[PDB]
């Protein structure tokens, strides 16, 4: 039995999730339900312990110091803020150390609990509340950087009652391979086929056995016992039995040998397989293919609980040569032995943990034993200061051991909310490397999401993103999302519903509109009146009147402005939508622009954009502001999603087309001429030129390190404020064309004033990233493994190593980047003209 209401609840949950989590149709064990049942406690333990008030106003703060760029603009010890009562308003100087209370307890003495209000950000759902210095608020810091006033408004604190959560042996190992079955055969000359079985741990193969090659029929039997050299008692918790079909790898499937319950896996199994799209997180999944009618299946038998709990010389000082912090530097049998033999000496240094645990022989019970003793005393580690870079490497595909991974997650615990937001996307992707559905990392994410609405809002869209287009991982992520959705609150549950409703309706339009004309780029007037009408059709009584903007939670969107909506003259025929701001206190009339697009895999864009945000914080710790513009983007489904529209900005390519020919030979003057005219007032033009210098640099260094600098002009944009920024990330060192150089004041290839400033920044920016080589290397490799198709592991990943110029000394590095800036100088328009040709051919 089950209370109708409850049943109805779980019904909406699944609607939010985008998948039916109750489904037990696709599970060969009760790990999903078991997990779906185990998270209930940690979730309820979070809801109960959080402060309903601070949770309702989700203050966004940071405990870091104000970088030079920000502090300098405070050479007054204080700062003022315009407070809006009603249509009223008054300025009040305040010191950087004032508390939100000391701000009102003071503001009221100037006019004259009597003070039953709170400070919110005009036209935003952002509150300055709690025992924190106003200088430690994110909003404040951003206003400072963008030299803007801090317009706040007096209003009543939200009611926490809106967030209330609804009511509740010893012999060797062997496996019998019975056979492979598939309904339809792939018309391909008819080849041979054999099954490969691997015992795998942390992406390493411990033992491997094969069957005899037979003709590729539709039912191929073997009934052969494959015996491995490993002994049951030596199978580590978290090992997988990888089953592959070859002839070229065609299909694969995995099965955890030791289950969530610590029991060896016995029984007959019929496992449905994944097909190779043509290394990455997907090949590691324990999920089976749900397409049980069309998929290849393999049948096996398993039949044989256990698991359930002097100071060296120069030699050892060569161990330090190995601990060369090179994440992408493999280890030799010799290297590993050295590391393991001198274990305890290696333990006295955190930066060597990854290398040390990768020298462990996980396939030997007795050794795993000593490892667990080595961890028993985590002094050097527990006392060490957090290093995300080091922590992330311990969460990647190379480590399957729960305790090793648990210490990494232990360090994450130290992260303040603002830091959890910079790495959240990558931590959610790292869940794919966990051997079991329930893990310390799945728990950490659940918790921080339940404790802070901002993180929760994002955890939600990152999880949903994957649930929607990832068969390999959607079950595990749904169970994680459901557990979050049973604790976020009724208010958020409502917000999520309105947002889900809106995108589900807008993408339907996006695609339908795409069919009407996915061939010729001739955007007709009818397709346009068509879009409008469709929008009118929804605007009626279906489309939610208002909703929070998925990539910017504090912004509230209202009615669509049908008059400004259009279909862009782009291959993908993206929709360009504009909405009003639902908030009356909005200190402006500017609309909220959002592009909806079908055709590009926006998950790659989400990953690039977040990396970029991480670089900005790295540069901040060093007091540098490259003016990047990592606009919001959220991947909603397979090749579909939304993009934040950066206001009054244009493509660099379009600029060339307007002045000069839309096909002719690009001109230099073009860009600067466009800027001058865009912002007449000679005082604003100067500043624009200043932005263009730093932003241009920021992107050149950023894109260069990411191996993504060579792109067409059409994928680069500029604001009427001088900000340059790259866009539309689908997948010469970088783009620094004559027109860019021109804006900096440089004809031919000589004179250089602003060019001087340019060079300087690039270097200081480049060498600032090098101080974080290990962090950038695990991020770059995790990105490739979780967001790119079948990659060239370590090969595709060996690029960033050269780009960061590992080993080489700073000065030599400085010169290496300087030469890169030079290769562009000599190339000029050659590359662009070729890209144009390419789009022509």
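Numbering follows the first chain given and starts at 1. By rigid core we mean the largest C-alpha set that fits within 1.5 Å across both forms.
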Checklist outcome for this item: 657 to 665 or 377 to 385, the stretch lying farther from the shown form in 4 other deposited structures of this protein by root mean square CA distance over structures and residues, after core fitting, is 657 to 665
Item to check | Segment of greater CA departure in 4 other deposited structures of this protein, 392 to 400 or 75 to 83, core superposed | outcome: 75 to 83
Checklist entry - Coordinates for residue 531 lacking in at least a third of the other PDB entries compared? => result no
Item to check | Entries skipping residue 114: at least a third of other ones | outcome: yes
Checklist entry - Which fits the stretch between residue 278 and residue 279: none, 1 to 3, 4 to 9, or 10 or more deposited residues lacking coordinates? => result 4 to 9
Checklist outcome for this item: Residues of the deposited chain absent from the coordinates between residue 309 and residue 310 total 10 or more
Checklist entry - In the PDB record, does 809 to 817 or 770 to 778 carry the higher mean Cα temperature factor? => result 809 to 817
Checklist entry - Which has the higher mean CA temperature factor in the PDB entry, 571 to 579 or 745 to 753? => result 745 to 753
Checklist entry - Per the entry, which of 387, 418, 148, 638 tops the list for Cα B factor? => result 148
Checklist entry - Highest Cα B-factor in the PDB entry belongs to which of 680, 630, 354, 456? => result 680
Checklist entry - So where's residue 597 on the chain's Cα temperature factor ranking, which third? => result lowest
Item to check | residue 783, C-alpha B-factor rank within chain (lowest, middle or highest third) | outcome: lowest
Checklist entry - Should residue 794 be placed in the lowest, middle or highest third of its chain by the C-alpha B factor in the entry? => result highest
Checklist entry - Which third of the chain does residue 68 land in by C-alpha B-factor: lowest, middle or highest? => result highest
Item to check | Entry-reported Cα temperature factor of residue 625, expressed as the chain third it lands in | outcome: middle
